[PDB]
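Residue numbers (the working numbering), protein chains in the order written: chain A, 5 to 163; chain B, 1183 to 1414; chain C, 21 to 112; chain D, 177 to 299; chain E, 67 to 482.
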Amino acid sequence: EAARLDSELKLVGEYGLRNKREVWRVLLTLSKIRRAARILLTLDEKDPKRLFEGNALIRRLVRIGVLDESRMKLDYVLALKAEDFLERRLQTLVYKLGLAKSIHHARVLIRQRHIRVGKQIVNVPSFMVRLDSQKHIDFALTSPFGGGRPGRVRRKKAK
Amino acid sequence: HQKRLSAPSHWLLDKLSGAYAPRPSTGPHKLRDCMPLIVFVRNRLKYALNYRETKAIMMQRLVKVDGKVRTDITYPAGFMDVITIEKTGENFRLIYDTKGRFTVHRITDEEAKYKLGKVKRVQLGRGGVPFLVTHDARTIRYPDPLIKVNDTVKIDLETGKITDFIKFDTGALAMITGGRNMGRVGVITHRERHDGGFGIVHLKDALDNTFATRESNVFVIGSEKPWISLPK
Amino acid sequence: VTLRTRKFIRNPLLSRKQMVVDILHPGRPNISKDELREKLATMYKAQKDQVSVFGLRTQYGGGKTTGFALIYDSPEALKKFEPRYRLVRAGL
Amino acid sequence: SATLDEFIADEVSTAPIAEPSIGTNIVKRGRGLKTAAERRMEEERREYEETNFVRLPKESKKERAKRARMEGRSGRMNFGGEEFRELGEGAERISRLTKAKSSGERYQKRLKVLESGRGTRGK
Amino acid sequence: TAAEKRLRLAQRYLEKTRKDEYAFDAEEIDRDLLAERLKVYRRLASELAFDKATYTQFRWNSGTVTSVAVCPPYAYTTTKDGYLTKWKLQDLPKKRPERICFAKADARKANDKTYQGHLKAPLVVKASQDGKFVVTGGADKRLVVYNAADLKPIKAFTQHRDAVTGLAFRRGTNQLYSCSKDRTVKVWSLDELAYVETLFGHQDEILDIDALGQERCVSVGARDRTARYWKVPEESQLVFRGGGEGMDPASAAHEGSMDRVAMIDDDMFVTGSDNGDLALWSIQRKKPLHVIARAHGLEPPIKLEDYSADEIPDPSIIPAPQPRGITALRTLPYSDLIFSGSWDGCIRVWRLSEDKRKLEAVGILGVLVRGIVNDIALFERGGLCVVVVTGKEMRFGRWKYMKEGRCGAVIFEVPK
RNA sequence: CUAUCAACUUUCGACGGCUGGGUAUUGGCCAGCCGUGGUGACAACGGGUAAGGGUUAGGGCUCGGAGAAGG
RNA sequence: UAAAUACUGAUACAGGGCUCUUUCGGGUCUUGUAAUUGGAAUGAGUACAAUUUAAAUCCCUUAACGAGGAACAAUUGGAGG
């Protein structure tokens, strides 16, 4: 349908994704989380199952940084979306932190091993960066934007 | 050649020693009430790494078990066998814990010299002589004439003679070595006969838990008198 | 080339000193365990011939490398207490 | 009791929980994160290689057949650093635990308002 | 009410989980066999006479002096003109130090290679207790370290990415912990002059770090309100989040940043936050052990003659004054001494309780030392000399310039 | 599981007891002598062939007849 | 299961590009080009070693090479001029 095609094209364009399999992957994990939230809303308030399982779900989503720290209700967990998940991806986080000029530049950098998340370099652009780990995204020490060797085209030109 | 899970739960093996486990060779103590010397050396103490290293320890006269040199690797050493290593100058003793597993205890020569062994049976041997059989299958010729069944004996271990004995008593503290309440150091406070098989004792700990264990599974350790050093 | 020894165990009945070794080459390639046998002569006051090194897995991202080192009291004690494959890898 | 044990450690018990330095629980250049259960296992494998310091075979074909089949019969998923457990029998124990865990000054005012004739009338 | 219901059910589960003279332990006795197979506490809070402290409030030709280290005969100052001056202190059996040497940042040779040393002004300095290494870090993105005697630069580490803000030694060892402005902290092995490990995890820029004899750290970051306790060998952390909470009510400010830190022993430390909060924190607990509020009082309300440009100055409108926060905070290791200095003109000293679970006041020490107290350094004669480093502004930025105050190292000692 | 299985065993003794033989030993296990049994509508017997136990949050884990071409 | 087959500028020149209900009609305002040039980034592969291991391999470390299309050569289907 044209609505599905235009929606998936807006996702693939707005966040520099490769195909629609990544969109369907995110929509599947989002539907799993939202199904768990609906099943926890089935029960009444102050049931211990709903209390502890909903607190676990909300603390998990706030810790992985999707759900905002302001709103912490299970209705907002139902109101979650795939734009929030693709915003929590690593590639859009490199683009928004401004190490790269565009989202396709960010995917290129993460593929050819320039950025690192915390200590180790990250080869995958779909790395779900958590909220505590959002700040420690920077260029690695072996990268010419970080330091070390001046690099490849630089070496061929400076010879 | 049993598997690591089919090995009993009281000589411990981690996720490390392969899927298989050594079987104890036939000897004084039983099969399911046993710690082999290889599990004592390289799986409990970790003075060794491999089977060949354990063999290179055992074959030279460096490990003595109950005061005699034990050469073969899977020699059974179940309960209260003093294990003297002279190059390290240590003597270990095997006791249990409150959960039901084997425990090792480091000690020197003064408590290493004697063994507290529970009498299995008294009889008249050949030559018209009374003899005494312990749980270590030690038979002592010409014993003291009051040492009856279920009494324990301080064996000399340099000559093997009797030195002292502790009587089966309601009011003497005891150690459990079997059953569903295994390894619980407490005091024998009651004993019920049940003639016709399988009599019991009722026993409480130091802090008021009564339970009924069988007179086979009991083991007398001392009235107060901890003649072996239970670990503090 | 920076060395630290953790978990040094005596083992007199097997007559060999057992060390967990954490070596670090930052910026270098790997450590060449025969040259590490040469290095573990003056650190623990021994001959090179009575040292055997195994284990020796390099940590992620260079630098740290965890090896296991055994120093025997004599080369003949090494000869009678070492495995055949470690003796071949050492060269005796 | 899985969701209940994490509520005590983070909200109830006043003891700080060890957090890893950020890049350490990344498996293969980002291909997975090590969940706090899978990380605690990884020290247990490592803490067994300094005791008698013999090396290990990095899994085998018979363990990988088992543990990767455990994903086939479980509803767990690891969206980020955390685990997201299914709401089946793990949710019923939370109800199943909590049910066994739950198992002469007046007279003076009346005489003090019966003495005074009256205050007034309706305004 | 859902939260208190969850608290009730969790406490019930704790009671259920909770629901032995001859008790033994096979695995614990095995750990005992393996371990057998393989810093004194003082209490001198009352043994000193703070009202009888002898002070030298001197100054010299400098912009603003920032930090000091205590090599036991020496002293090491850093000034924003770009000087690091190694100095000799005094003994009693003449009250001003004699400067022996200094080194100046040369920004002309930023292009020129093989020049270890600073390009810009340094910000922090530390000295090894051996007396052979002195390390200093600045905002020139590099941390240099060299010989204490001839003061000639031997190593210029460029591993940090923004700036070096905090710097600390392990006591008795040449292991170095340098926490930076790119929210990281790098531990160095200075015996071989080599970087060993980095440590991430801080949310905002890291303002201070303290160390003790073991291989640990405690580092405070600014606006995340977080002190992280650092287990360096296993590379792990422990988070301690402050969230701090007849006078005007709007003047009570919450914990904005968390500026300074001081490890007093192995089990507890103290943090100083720029809303004037001084909080004792224990490692066994997730909360503050004891927080004391406005540790240097409120600021004076600013004058009407500067706040409003009117022919009538009316006091009907004037904003509520804010607390003068802690600018410097130090301790003696394994002692009961909490030295806290703000821009109030006085240097306060606090102590621990007898149960060491509370902070208590012992009074103002100079009973002024005007300016903004940039730094505190402590030394024991055998009876302690403390130098206090003050200037016209703060350490890292020219936010609050003060025409009052002097660019002075102020050396005072308590003899008892 | 079944009464479209009510009689079954004595049809290689079916139940005893005595005596021996043989077995590592007890024993109708086998041989001599005699006695009258034994089971069954509370489900024997016959028929159908589709041949679990322990470890307990859970899943997991553990244990489980005939032939060597034919007598 | 994860994701390569490219990222980013400047200049020159053209004046059209796109859309629709309603169509010899309406709507919107920056888009191109097989144009000319410049930067960097590099992993597939090649690969000295050391390490791993019974001996090898993989993994982790790793010096040196390794991108301009006419290539280090993206496919499978459908519709139309």
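Don't be surprised by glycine CBs; every beta carbon is placed ideally from N, CA and C.
Contact belief for residue i with residue j at Cβ below 8 Å, rounded distance in angstroms
i: E/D402; j: E/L110; result: 7 Å
i: E/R423; j: D/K277; result: With a Cβ gap of about 32 Å, E/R423 and D/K277 do not count as contacting.
i: E/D340; j: E/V357; result: That pair is no contact at about 14 Å.
i: B/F1274; j: B/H1317; result: B/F1274 to B/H1317, Cβ: 19 Å. No contact.
i: E/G308; j: E/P354; result: 7 Å
i: A/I107; j: A/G20; result: 3 Å
Segment limits, alpha helix (DSSP H) that includes residue i
i: A/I62; result: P52 to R67
i: B/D1291; result: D1291 to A1294
i: A/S35; result: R25 to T46
i: A/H108; result: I107 to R115
i: A/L13; result: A6 to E18
i: E/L73; result: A68 to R84
i: D/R231; result: Segment: none, D/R231 is in no alpha helix (DSSP H) and carries neither H nor E.
i: A/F89; result: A86 to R92
i: E/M324; result: That residue, E/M324, is in no alpha helix (DSSP H); it is neither H nor E in DSSP.
i: C/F101; result: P95 to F101
DSSP three-state assignment for residue i, whether helix, strand or coil
i: E/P389; result: strand
i: D/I198; result: helix
i: A/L78; result: helix
i: D/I193; result: coil
i: E/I349; result: coil
i: A/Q138; result: coil
i: B/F1222; result: helix
i: C/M39; result: strand
i: B/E1272; result: strand
i: B/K1349; result: coil
i: E/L355; result: strand
i: B/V1335; result: strand
i: E/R461; result: coil
i: C/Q70; result: helix
i: D/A178; result: helix
i: E/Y400; result: coil
Nonlocal neighbours in the same chain, by C-beta distance under 6 Å from residue i, ignoring five residues either side
i: E/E470; result: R436
i: C/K68; result: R57, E58 and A61
i: E/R208; result: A222 and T224
i: A/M76; result: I62
i: D/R215; result: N201
i: E/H268; result: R249 and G287
Unbroken beta strand (DSSP E) run spanning residue i, endpoints
i: B/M1240; result: Unbroken run through B/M1240 is the alpha helix (DSSP H), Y1233 to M1240; no beta strand (DSSP E).
i: B/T1392; result: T1392 to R1396
i: E/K154; result: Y149 to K154
i: E/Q123; result: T120 to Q123
i: D/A267; result: Not the beta strand (DSSP E): D/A267 falls in the alpha helix (DSSP H), residues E265 to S278.
i: E/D274; result: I272 to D276
i: B/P1312; result: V1311 to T1316
Sequence-distant residues of the same chain with beta carbon closer than 8 Å to residue i, five excluded per side
i: D/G266; result: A178 and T179
i: A/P154; result: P148 and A162
i: D/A191; result: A185
Cβ shell of residue i (< 7 Å), same chain only, five flanking positions each side left out
i: B/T1392; result: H1384 and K1386
Stretch pair the region 127 to 144 of chain E + the region 306 to 317 of chain E: three plus CB contacts closer than 8 Å: no
Three CB pairs or more closer than 8 Å across the region 89 to 99 of chain E and the region 442 to 451 of chain E: no
If you pair each beta-carbon of the region 386 to 393 of chain E with each one of the region 345 to 362 of chain E, do three or more pairs fall below 8 Å? yes
Does the region 1213 to 1220 of chain B come close enough to the region 1380 to 1392 of chain B that 3 or more CB-CB pairs lie under 8 Å? no
Can you confirm whether the region 94 to 102 of chain A touches the region 130 to 148 of chain A when touching is taken to mean that 3 or more C-beta pairs between the two stretches lie within less than 8 Å? yes
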